[PDB]
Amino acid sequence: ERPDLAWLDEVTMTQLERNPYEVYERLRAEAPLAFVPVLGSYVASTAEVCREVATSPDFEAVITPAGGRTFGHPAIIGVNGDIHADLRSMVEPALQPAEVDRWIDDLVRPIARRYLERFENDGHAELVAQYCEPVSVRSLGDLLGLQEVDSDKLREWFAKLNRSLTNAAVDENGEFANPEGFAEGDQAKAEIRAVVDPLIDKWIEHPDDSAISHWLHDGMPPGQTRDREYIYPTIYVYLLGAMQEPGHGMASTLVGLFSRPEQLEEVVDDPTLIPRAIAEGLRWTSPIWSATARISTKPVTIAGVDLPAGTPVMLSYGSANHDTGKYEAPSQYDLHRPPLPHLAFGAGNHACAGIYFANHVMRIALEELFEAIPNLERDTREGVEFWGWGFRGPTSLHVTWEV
C-alpha cells in the first residue's frame, strides 16, 4: 500500500461511476499507475502509461475479474496467442475498411432514417433511447445476423452486460463487494443463448452473409464450424461494447456539441466536420472508459512502479484522453482542438477491431440526424447526466426543436 495515496482508500465505486474524473485527475498527477483499492487493481490513468501498457511486449491481454465473470473464456478481449489470432481472424473480415465501405451506407442510413421517421416531427426527443442506441444496435444487429432481435432487446442486453462487466467493486480481501450483481448478466446470457442457439443451428447447416455465420464457418475445414462455446464469449463482447459504444459515442458527441452551441451550428451547416466532431467527442467522454486491462508477463517497471509478473493493470483510457500532458482544457469539448492521437479505441494488439465501422456508424447517424433536424436544441431544463466508470455515456439526451 502506497502511503501518500491513502485517500484512494476512501474512493467508492459509486463515486467512480457517477463521475470518475476528479479522482482520475488526482491519479494522473499523483500516480499515473496506481493501485485503486475498491477496484482491486492497478489502474493506468495517463496517456503515456495506458499506451505503454497496451503496447508493451511485457504485457498481454487479461480480462478484468468482473469481465471474466461476465464473459468467461475465450473472450476476444481477454485471450492471447493462437486463440486471439484465431478470434481476430474471425471478426476482422466484415470490419476491414474496404469491406465496410462497400455496404455501410446502405446498412446504416436506412436504419437511421427509420428511427428518425418515428420522432422527427415531434419537436422533442430523448436521443439516447430514441435514436443513438437503436441506430447503433440495429446496424450491428443486422450485420451480425440478429435482424429479428428487436432494438429494445439488444439495448437491454448491452445494458445488463455493461453492469455485469463493470461490477468491479471489491472488498479489502479482494473479493467482489456485490456478488449478486452478476446474476442479471447471467440472465442476459441465458436469454441471448435462447435466441442465438437456433440461429447458430441454422447457420451451421445453411450459412449466409451474417457475421455470426461467418464466425462459424470462415477459415474452417470443409463441413466444420467453430464450436458455439468457443465463439459465444466474443458474441457477448459484441453484445456489450460493439452494440453500446457507437450509440454512446454519437450521444457524447452531441452533448459536447450542445455544450459549444457555435460548434453545433458549424457542424450542422458543414456535415464534413462530423468525423472531427466525433473524434473529439470520443476523446472528451470515451465510451470505453476503463473496461479493459492487460497483465504483465514478466517483472516490469511502469511509471516508477516495479510490478511483478502476473500484475493486472486496468486501462482507464477515458482518463488518458483527459491527459493535460497532451490536451489543453480536456474537460471542455472543443471541435477545434488540434487532432491528436487519442486512446478511445485503445492501442496495441488488442486495440479496437471495429474502429472504421464504428466511426462510419456514428458519422452516418449524425449526418441523418442533422439533416432531419437541423434546428436541434438541447432541452436545458436540466444538465446531461453521464454514468459509468467502465463504460461511460449520457444516460439521456433530451432535445427539442421548432417543428
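Residue positions are given as counts along the sequence shown, with the first one as 1.
Participant: Test of understanding: from the entry's C-alpha B-factors, which stretch has the higher mean, 262-270 or 231-239?
Facilitator: Between 231-239 and 262-270, it is 262-270 that shows the higher mean C-alpha B-factor.
Participant: State which stretch shows the higher mean Cα B factor in the entry: 159-167 or 201-209.
Facilitator: Per the deposited B-factors, the answer is 201-209.
Participant: Quiz for you: based on the deposited Cα B-factor, which of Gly249, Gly81, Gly223, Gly72 is highest?
Facilitator: By C-alpha B-factor in the record, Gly223 ranks first.
Participant: Of the choices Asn349, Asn375, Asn359, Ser41, which one's C-alpha carries the largest B-factor in the record?
Facilitator: Spelled out: the listed residue with the top C-alpha B-factor is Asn375.
Participant: Per the entry's values, where does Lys189 land by CA temperature factor relative to the rest of its chain, in the lowest, middle or highest third?
Facilitator: For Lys189, the deposited C-alpha B-factor lands in the middle third.
Participant: Split the chain's modelled residues into thirds by Cα B-factor; is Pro32 in the lowest, middle or highest one?
Facilitator: According to the entry, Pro32 has a C-alpha B-factor in the chain's middle third.
Participant: Considering only modelled residues of the same chain, in which third does the CA B-factor of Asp58 rank: lowest, middle or highest?
Facilitator: It belongs to the middle third of the chain when residues are ordered by C-alpha B-factor.
Participant: Against its chain's modelled residues, does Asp379's Cα B factor rank lowest, middle or highest third?
Facilitator: As the PDB entry reports it, the C-alpha B-factor of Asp379 lands in the highest third of its chain.
Participant: Quick check on the deposited entry: does the C-alpha B-factor of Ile111 sit in the lowest, middle or highest third of its chain?
Facilitator: It belongs to the highest third of the chain when residues are ordered by C-alpha B-factor.
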